[PDB]
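A.B. asks:
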Amino acid sequence: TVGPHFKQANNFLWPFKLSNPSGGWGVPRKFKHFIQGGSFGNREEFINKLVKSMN
Amino acid sequence: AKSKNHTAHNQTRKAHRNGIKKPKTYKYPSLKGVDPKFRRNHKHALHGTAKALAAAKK
Amino acid sequence: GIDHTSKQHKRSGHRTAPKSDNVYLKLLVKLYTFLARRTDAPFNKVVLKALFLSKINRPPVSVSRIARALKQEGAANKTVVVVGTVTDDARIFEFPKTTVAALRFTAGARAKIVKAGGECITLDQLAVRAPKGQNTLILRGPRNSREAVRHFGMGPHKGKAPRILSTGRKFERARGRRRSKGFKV
Amino acid sequence: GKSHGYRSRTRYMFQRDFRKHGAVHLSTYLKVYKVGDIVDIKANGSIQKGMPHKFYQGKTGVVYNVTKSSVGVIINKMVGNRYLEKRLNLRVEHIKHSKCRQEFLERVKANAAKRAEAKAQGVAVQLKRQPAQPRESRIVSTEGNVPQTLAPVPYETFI
Amino acid sequence: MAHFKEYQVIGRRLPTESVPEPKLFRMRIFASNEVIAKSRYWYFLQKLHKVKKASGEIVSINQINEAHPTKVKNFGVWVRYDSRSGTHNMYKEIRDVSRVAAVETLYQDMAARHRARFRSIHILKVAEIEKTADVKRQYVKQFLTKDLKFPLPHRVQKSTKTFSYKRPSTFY
Amino acid sequence: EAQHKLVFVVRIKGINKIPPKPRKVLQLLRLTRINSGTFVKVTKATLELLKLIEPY
RNA sequence: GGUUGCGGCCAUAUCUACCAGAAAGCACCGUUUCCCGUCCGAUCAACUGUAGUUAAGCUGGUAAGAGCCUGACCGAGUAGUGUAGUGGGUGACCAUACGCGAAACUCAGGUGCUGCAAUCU
RNA sequence: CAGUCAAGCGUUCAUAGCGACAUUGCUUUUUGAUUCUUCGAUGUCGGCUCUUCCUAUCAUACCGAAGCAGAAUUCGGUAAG
RNA sequence: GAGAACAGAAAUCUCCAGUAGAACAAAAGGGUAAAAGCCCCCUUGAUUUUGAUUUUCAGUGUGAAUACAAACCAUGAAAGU
RNA sequence: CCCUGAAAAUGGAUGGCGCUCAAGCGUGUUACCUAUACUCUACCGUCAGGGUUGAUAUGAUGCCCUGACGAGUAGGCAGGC
RNA sequence: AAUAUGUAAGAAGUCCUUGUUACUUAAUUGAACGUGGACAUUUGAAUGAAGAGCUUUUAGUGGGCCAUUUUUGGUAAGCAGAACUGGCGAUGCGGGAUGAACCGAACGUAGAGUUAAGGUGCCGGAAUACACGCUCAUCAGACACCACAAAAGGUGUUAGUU
RNA sequence: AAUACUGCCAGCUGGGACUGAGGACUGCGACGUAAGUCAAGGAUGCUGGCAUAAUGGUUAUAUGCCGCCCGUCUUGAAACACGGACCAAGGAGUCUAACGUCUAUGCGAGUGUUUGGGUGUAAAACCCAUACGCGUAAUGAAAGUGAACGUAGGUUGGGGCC
RNA sequence: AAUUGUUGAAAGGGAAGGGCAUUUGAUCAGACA
Ligand SMILES: [Mg+2]
Ligand SMILES: [Mg+2]
Ligand SMILES: [Mg+2]
Ligand SMILES: [Mg+2]
Ligand SMILES: [Mg+2]
Ligand SMILES: [Mg+2]
Ligand SMILES: [Mg+2]
Ligand SMILES: [Mg+2]
Ligand SMILES: [Mg+2]
Ligand SMILES: [Mg+2]
Ligand SMILES: [Mg+2]
Ligand SMILES: [Mg+2]
Ligand SMILES: [Mg+2]
Ligand SMILES: [Mg+2]
Ligand SMILES: [Mg+2]
Ligand SMILES: [Mg+2]
Ligand SMILES: [Mg+2]
Ligand SMILES: [Mg+2]
Ligand SMILES: [Mg+2]
Ligand SMILES: [Mg+2]
Ligand SMILES: [Mg+2]
Ligand SMILES: [Mg+2]
Ligand SMILES: [Mg+2]
Ligand SMILES: [Mg+2]
Ligand SMILES: [Mg+2]
Ligand SMILES: [Mg+2]
Ligand SMILES: [Mg+2]
Ligand SMILES: [Mg+2]
Ligand SMILES: [Mg+2]
Ligand SMILES: [Mg+2]
Ligand SMILES: [Mg+2]
Ligand SMILES: [Mg+2]
Ligand SMILES: [Mg+2]
Ligand SMILES: [Mg+2]
Ligand SMILES: [Mg+2]
Ligand SMILES: [Mg+2]
Ligand SMILES: [Mg+2]
Ligand SMILES: [Mg+2]
Ligand SMILES: [Mg+2]
Ligand SMILES: [Mg+2]
Ligand SMILES: [Mg+2]
Ligand SMILES: [Mg+2]
Ligand SMILES: [Mg+2]
Ligand SMILES: [Mg+2]
Ligand SMILES: [Mg+2]
Ligand SMILES: [Mg+2]
Ligand SMILES: [Mg+2]
Ligand SMILES: [Mg+2]
Ligand SMILES: [Mg+2]
Ligand SMILES: [Mg+2]
Ligand SMILES: [Mg+2]
Ligand SMILES: [Mg+2]
Ligand SMILES: [Mg+2]
Ligand SMILES: [Mg+2]
Ligand SMILES: [Mg+2]
Ligand SMILES: [Mg+2]
Ligand SMILES: [Mg+2]
Ligand SMILES: [Mg+2]
Ligand SMILES: [Mg+2]
Ligand SMILES: [Mg+2]
Ligand SMILES: [Mg+2]
Ligand SMILES: [Mg+2]
Ligand SMILES: [Mg+2]
Ligand SMILES: [Mg+2]
Ligand SMILES: [Mg+2]
Ligand SMILES: [Mg+2]
Ligand SMILES: [Mg+2]
Ligand SMILES: [Mg+2]
Ligand SMILES: [Mg+2]
Ligand SMILES: [Mg+2]
Ligand SMILES: [Mg+2]
Ligand SMILES: [Mg+2]
Ligand SMILES: [Mg+2]
Ligand SMILES: [Mg+2]
Ligand SMILES: [Mg+2]
Ligand SMILES: [Mg+2]
Ligand SMILES: [Mg+2]
Ligand SMILES: [Mg+2]
Ligand SMILES: [Mg+2]
Ligand SMILES: [Mg+2]
Ligand SMILES: [Mg+2]
Ligand SMILES: [Mg+2]
Ligand SMILES: [Mg+2]
Ligand SMILES: [Mg+2]
Ligand SMILES: [Mg+2]
Ligand SMILES: [Mg+2]
Ligand SMILES: [Mg+2]
Ligand SMILES: [Mg+2]
Ligand SMILES: [Mg+2]
Ligand SMILES: [Mg+2]
Ligand SMILES: [Mg+2]
Ligand SMILES: [Mg+2]
Ligand SMILES: [Mg+2]
Ligand SMILES: [Mg+2]
Ligand SMILES: [Mg+2]
Ligand SMILES: [Mg+2]
Ligand SMILES: [Mg+2]
Ligand SMILES: [Mg+2]
Ligand SMILES: [Mg+2]
Ligand SMILES: [Mg+2]
Ligand SMILES: [Mg+2]
Ligand SMILES: [Mg+2]
Ligand SMILES: [Mg+2]
Ligand SMILES: [Mg+2]
Ligand SMILES: [Mg+2]
Ligand SMILES: [Mg+2]
Ligand SMILES: [Mg+2]
Ligand SMILES: [Mg+2]
Ligand SMILES: [Mg+2]
Ligand SMILES: [Mg+2]
Ligand SMILES: [Mg+2]
Ligand SMILES: [Mg+2]
Ligand SMILES: [Mg+2]
Ligand SMILES: [Mg+2]
Ligand SMILES: [Mg+2]
Ligand SMILES: [Mg+2]
Ligand SMILES: [Mg+2]
Ligand SMILES: [Mg+2]
Ligand SMILES: [Mg+2]
Ligand SMILES: [Mg+2]
Ligand SMILES: [Mg+2]
Ligand SMILES: [Mg+2]
Ligand SMILES: [Mg+2]
Ligand SMILES: [Mg+2]
Ligand SMILES: [Mg+2]
Ligand SMILES: [Mg+2]
Ligand SMILES: [Mg+2]
Ligand SMILES: [Mg+2]
Ligand SMILES: [Mg+2]
Ligand SMILES: [Mg+2]
Ligand SMILES: [Mg+2]
Ligand SMILES: [Mg+2]
Ligand SMILES: [Mg+2]
Ligand SMILES: [Mg+2]
Ligand SMILES: [Mg+2]
Ligand SMILES: [Mg+2]
Ligand SMILES: [Mg+2]
Ligand SMILES: [Mg+2]
Ligand SMILES: [Mg+2]
Ligand SMILES: [Mg+2]
Ligand SMILES: [Mg+2]
Ligand SMILES: [Mg+2]
Ligand SMILES: [Mg+2]
Ligand SMILES: [Mg+2]
Ligand SMILES: [Mg+2]
Ligand SMILES: [Mg+2]
Ligand SMILES: [Mg+2]
Ligand SMILES: [Mg+2]
Ligand SMILES: [Mg+2]
Ligand SMILES: [Mg+2]
Ligand SMILES: [Mg+2]
Ligand SMILES: [Mg+2]
Ligand SMILES: [Mg+2]
Ligand SMILES: [Mg+2]
Ligand SMILES: [Mg+2]
Ligand SMILES: [Mg+2]
Ligand SMILES: [Mg+2]
Ligand SMILES: [Mg+2]
Ligand SMILES: [Mg+2]
Ligand SMILES: [Mg+2]
């Protein structure tokens, strides 16, 4: 909710430590934007499926 | 026997080891090179308000 | 691998036990490492460290410096602690009462401290008397009265005393020291 | 050989702005400076005396000495991997009051108000600046405003 | 660029004090997911209006599902693309069953025949051709002649083991 | 809708050959190794940060 | 509101052609004993405020005026540019991705604001 | 050493054979430029000898073209047997 | 530019326009119009004592420079310089 | 896209074999292979944070919990043989 | 303009009262340093902080080379010289057959898993997988850096334009 | 109405692989009316095989994949750069005078017995008077002069203590 | 020790030697109880 204490609530959490995505990446080359068929920058609603494969 | 002439490759790399110290700030800085006439009086005027505060714990 | 942000495998850089090898010194450390782990009282952590300190960081507290410290307002009954030797000083003619805890007292110093109707306490008797260090006055000697610091930071316009082995004129007092022989510092 | 003198490279740096030459206008000598004022250094092409070095052009610093015709500004000069302190003896035509601090002051005098006017009301204040927050939820209406479909357009030449 | 969906997109020049309710423009983008679709929307709006994403906002992004997906249609298609020597408009005709399934083969055809990748095409217009004989292009008109039939000769069978003991037919 | 107010970032690109500026922001977001990942509150004064490091 | 002495910002105050300016003020204007300076009382100095004038200075208005000033989704999200790719291309060069973004151009509106002090139908 | 445009040369006729101004290439037996390799050493012109390879073919084989009547020549193809 | 005997492309005299299109030892770049330019008048501050400061920098030196302090002077009605 | 333009010296190189509705070119969709990287665990060493003199057994530079990190020439230091 | 760059975002702060002097004002005027007094962590942006500050003494180094971008001389150069960053040097590992510098990823000893760059006919682990086209070369073609080709042509075929 | 697609469930459930660190108890829980029970701060139960070269170690060989000569100087060496046929044994940052930082020890406004004398179980240990050396005063070319206005000052941070 | 003779075992299609791993041959420790 990004509530009043999100700074200390957030920084309390030690930076997360994911695996390489399980399915793979779905792009062929990663270091392009998402919009250009690569993997970086804001992909929005989809940052999830990615994360739930790296977890 | 000509040799490289000059460069600056690898000198911000070195600058940012021990990394460009911030300039260091002091309450009550030096009066160095302040108006000699201002100081003459100020010394006398500091000597005055001093006196006025030992006379204040009499 | 990791973008390291801080030099890895860093040593803390504070002594962790005296470098000296004196049995008695190391016992004192055991007294105070204990005292300091189990007493939540400041004075025990300060003393513990200072016992690790090298001779250079243990300048002598003189007996007159001690005398003066008592003249602080409301300080005249506190018991002064000097983690290191304490030296005599014929320059005060008088000297007060109190009780000085110290690593060492010189011949001259305990004389004057006792002669004044006083007491000389080794560091472990002070423990017993003041486990929380209640009512102590810790003094340090002056660390930069050392000769060597004169020559530190030498360089032009630092006015900082040559490393020189004879002195006098003929000994680094011409060119680059005066307006009329080249220049000045 | 190469050249490297006190004013080198300052061609346009010390030039005069356009149709703004001639004597300088008298408010420049009216402004009053006391120790601790923040000043913005900018050399004046027309006053050759007491002129800042080209380096300190566009550099701000604080006046440490006030004298008949001149201020004394100190400026922090990062040389090497450090900063040194340089004192600069500028003339008044070349210095000026930095508005950099205005927004502060106009906000501290204002941070007094909101504080008193709210304490004397019943606490709750909040007077820390916050970055631009994203936009909230909204209903953009369609009445008198049907969407206008656009397309890409073919390739013309016109020449 | 992928498997395509059609999206209407709608944006408008972020409101101001003296211009609340700015004007709203729609496009129909042909893209694969909604994140690309909005990218394209801004790509093209800044080719017509004084906007950018920085100063506007998308009002609605809505998928458009083909109206009759089991009605074969004849699609005319209008395109602008960049070649290695300049840029040029085109028109092609695609026979398929949904505006989107056509945009797919378009980008394939453009790629195979004119070496043009996604980045260089602009889909000017896609349109269902109502009456026949407005079908201009031949590679389509072939398939609109009455009671049409045709064999599929020299038929070739996907062998599922490495060795075979027959000797194939291509019969059909 | 309201613009999103919170973002989650995971570092994609490895450790080496990274230019000084974004190499700094990656640290201030605690993303100092590949495939680790933090939350970031979405405000201009971080949205620029987010911008500064998309390639990674 | 005018004017004047002193101003601030220093063309929305400037440039070109006309026109209008009550009152007071400014001006031009009269004299050459005296201080004063000129090849020349034109400028500079003195005396008169008398003997004359709104001609000019000066103030304001006119103009599809020049100039200058302001603005706009005018051009133009263009030109340039920070970042990205094992993008395209023989190259020259060029698309696209996340951002920042001119100058000209074209249309509109404007044509000194104002401080201290004295004075004026 | 080879091209492209083709204004011109060629009685006439641009291109049989040539070709200006321009412009595009190639080659590495020219010569430069460079100083990467060798200065505790790669023996340094020419010839003699003798082998092999390249083809941008001088001859020989079979061809197309000609401003080829014949004879002679010329431009060109396949070609280093 | 428009005007005046010899006098002419150029001698000297006058009026108008004139943002600097001139001049300021010198190379060039800044800068300057009741001036910084030109003509005049009075001058020696191109002086005495010793520190701070900027550029070059090692924040040594040398060169050059800035702004004060303390004298003695120049100019001008004066502020000033 | 293909062809012509397109000429060098031992015999030879899309890495090789070979491939032609490709095993070629453009583009799309999935599945799959495997770094000293990533995730989890174990062990070593380093650094750090804590706990523990209470006797009546054996290490207090010791014992116990905990977290993070580990490339390396010249070069420093350390602890060992 | 972009990119780059100076300062600022408070307790060393802010507000009232009225003390010192030989500077300075016409002037207790101002300047400068102060005594007394009023207001605390939403005390004045964000993110980070395996803390911050400080001193002394000493090694090696002071032949450099490459890559993208900017960039000077040169027809050019695997040429010579600058700028920013990243590298190689000093660094192995995976990909690029091969290779100092490219791509990926930086190394304690191991296990299981997932991947990067790059690949999956056979050599060779991995679809002789899927789908639309295009190409037939009596010197086809086949993956960045990279191991080169141009003007000009074609009634080969392909799809487009007026 | 259905379905697809995208998303969620602190809904059920099968197969397969790797691990099993720890070693009384102690924590947070979970199920039970309850007694007790549990998958809740790290593997136990049951059954069999051999008790040996079975497992394991060493070694030779073979087979898959990988592996250039080391040393040096160099931007760059496996280099078509140098030394090196092979073995043993020698073989290179010392000692001294005078010094800087640092540390340990002694004593401390002083400190240094060892030129010397005394003395001895005789190059040892033990002892010691007079000087000297460095330090406890500085600063000037020198003649020379020579460190308390004051609780050895005022201000601002300061650990610690009260 | 280099280097050599004999004997024994073993490998050897333009060097030899090395890494990880396992077959086979030879040899060996410990551990059951
Ligand atoms: Mg898998
Ligand atoms: Mg799956
Ligand atoms: Mg994948
Ligand atoms: Mg790939
Ligand atoms: Mg997982
Ligand atoms: Mg040389
Ligand atoms: Mg060179
Ligand atoms: Mg050099
Ligand atoms: Mg110490
Ligand atoms: Mg001390
Ligand atoms: Mg001393
Ligand atoms: Mg020293
Ligand atoms: Mg001396
Ligand atoms: Mg000097
Ligand atoms: Mg020059
Ligand atoms: Mg210049
Ligand atoms: Mg002017
Ligand atoms: Mg001057
Ligand atoms: Mg797009
Ligand atoms: Mg655009
Ligand atoms: Mg386009
Ligand atoms: Mg199949
Ligand atoms: Mg964050
Ligand atoms: Mg932020
Ligand atoms: Mg963005
Ligand atoms: Mg009148
Ligand atoms: Mg007059
Ligand atoms: Mg008038
Ligand atoms: Mg009139
Ligand atoms: Mg007037
Ligand atoms: Mg006008
Ligand atoms: Mg463009
Ligand atoms: Mg750009
Ligand atoms: Mg890259
Ligand atoms: Mg590129
Ligand atoms: Mg070109
Ligand atoms: Mg753009
Ligand atoms: Mg226009
Ligand atoms: Mg030619
Ligand atoms: Mg021609
Ligand atoms: Mg003919
Ligand atoms: Mg003909
Ligand atoms: Mg002819
Ligand atoms: Mg021709
Ligand atoms: Mg060539
Ligand atoms: Mg060549
Ligand atoms: Mg030749
Ligand atoms: Mg050489
Ligand atoms: Mg040579
Ligand atoms: Mg040799
Ligand atoms: Mg030889
Ligand atoms: Mg030779
Ligand atoms: Mg030879
Ligand atoms: Mg020889
Ligand atoms: Mg003929
Ligand atoms: Mg004939
Ligand atoms: Mg004949
Ligand atoms: Mg032929
Ligand atoms: Mg032959
Ligand atoms: Mg042959
Ligand atoms: Mg005349
Ligand atoms: Mg000269
Ligand atoms: Mg000049
Ligand atoms: Mg004037
Ligand atoms: Mg003259
Ligand atoms: Mg002189
Ligand atoms: Mg210097
Ligand atoms: Mg220095
Ligand atoms: Mg220096
Ligand atoms: Mg320096
Ligand atoms: Mg010197
Ligand atoms: Mg100068
Ligand atoms: Mg093709
Ligand atoms: Mg060969
Ligand atoms: Mg080839
Ligand atoms: Mg292949
Ligand atoms: Mg193939
Ligand atoms: Mg393909
Ligand atoms: Mg799938
Ligand atoms: Mg498959
Ligand atoms: Mg690896
Ligand atoms: Mg590992
Ligand atoms: Mg401990
Ligand atoms: Mg290491
Ligand atoms: Mg060891
Ligand atoms: Mg030993
Ligand atoms: Mg711009
Ligand atoms: Mg900044
Ligand atoms: Mg008084
Ligand atoms: Mg107070
Ligand atoms: Mg902050
Ligand atoms: Mg934090
Ligand atoms: Mg910390
Ligand atoms: Mg050093
Ligand atoms: Mg050094
Ligand atoms: Mg040198
Ligand atoms: Mg050196
Ligand atoms: Mg050297
Ligand atoms: Mg460039
Ligand atoms: Mg070069
Ligand atoms: Mg790089
Ligand atoms: Mg490096
Ligand atoms: Mg080297
Ligand atoms: Mg390196
Ligand atoms: Mg590397
Ligand atoms: Mg490899
Ligand atoms: Mg690769
Ligand atoms: Mg990549
Ligand atoms: Mg093979
Ligand atoms: Mg296989
Ligand atoms: Mg061929
Ligand atoms: Mg050919
Ligand atoms: Mg050939
Ligand atoms: Mg072939
Ligand atoms: Mg390419
Ligand atoms: Mg290759
Ligand atoms: Mg051409
Ligand atoms: Mg062509
Ligand atoms: Mg064609
Ligand atoms: Mg066209
Ligand atoms: Mg579902
Ligand atoms: Mg579920
Ligand atoms: Mg167990
Ligand atoms: Mg266990
Ligand atoms: Mg219950
Ligand atoms: Mg249980
Ligand atoms: Mg056995
Ligand atoms: Mg066995
Ligand atoms: Mg056995
Ligand atoms: Mg067994
Ligand atoms: Mg057995
Ligand atoms: Mg054997
Ligand atoms: Mg072996
Ligand atoms: Mg190999
Ligand atoms: Mg070797
Ligand atoms: Mg070399
Ligand atoms: Mg090399
Ligand atoms: Mg080597
Ligand atoms: Mg070689
Ligand atoms: Mg040599
Ligand atoms: Mg040799
Ligand atoms: Mg030996
Ligand atoms: Mg030796
Ligand atoms: Mg040392
Ligand atoms: Mg000691
Ligand atoms: Mg003494
Ligand atoms: Mg002795
Ligand atoms: Mg004897
Ligand atoms: Mg005796
Ligand atoms: Mg004696
Ligand atoms: Mg003595
Ligand atoms: Mg001394
Ligand atoms: Mg003295
Ligand atoms: Mg003297
Ligand atoms: Mg005397
Ligand atoms: Mg006195
Ligand atoms: Mg006195
Ligand atoms: Mg004070
Ligand atoms: Mg052989
Ligand atoms: Mg047993």
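The listed protein sequences derive, respectively, from chains A, B, C, D, E and F. Per the deposited numbering, residue 190 is the first one in the first sequence, and the count goes up by one each step. Per the deposited numbering, residue 2 is the first one in the second sequence, and the count goes up by one each step. Per the deposited numbering, residue 2 is the first one in the third sequence, and the count goes up by one each step. Per the deposited numbering, residue 2 is the first one in the fourth sequence, and the count goes up by one each step. Per the deposited numbering, residue 1 is the first one in the fifth sequence, and the count goes up by one each step. Per the deposited numbering, residue 78 is the first one in the sixth sequence, and the count goes up by one each step. Every residue, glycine too, gets a C-beta built ideally from N, C-alpha and C.
1) Kindly list, in the order they appear in chain B, the residues whose Cβ is closer than 8 Å to that of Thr68 (chain D).
2) So, for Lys46 (chain C): in the same chain, excluding its five sequence neighbours on each side, which residues have a beta-carbon less than 7 Å away from its beta-carbon?
3) Is the beta carbon of residue 168 (chain D) sitting closer than 9 Å to the one on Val74 (chain D)?
4) Compare the C-beta of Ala133 (chain D) with all C-beta atoms of chain E and state if any pair is closer than 9 Å.
C.D. replies: The relevant details are as follows:
1) Near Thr68 (chain D) (Cβ distances below 8 Å), the residues of chain B are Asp36.
2) Annotation for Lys46 (chain C): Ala37 place their beta carbon closer than 7 Å to its own, counting only its chain and skipping 5 residues before and after.
3) This structure cannot speak to residue 168 (chain D), because chain D is shown only from 2 to 160.
4) Answer no: the Cβ-Cβ gap between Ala133 (chain D) and chain E never drops below 9 Å.
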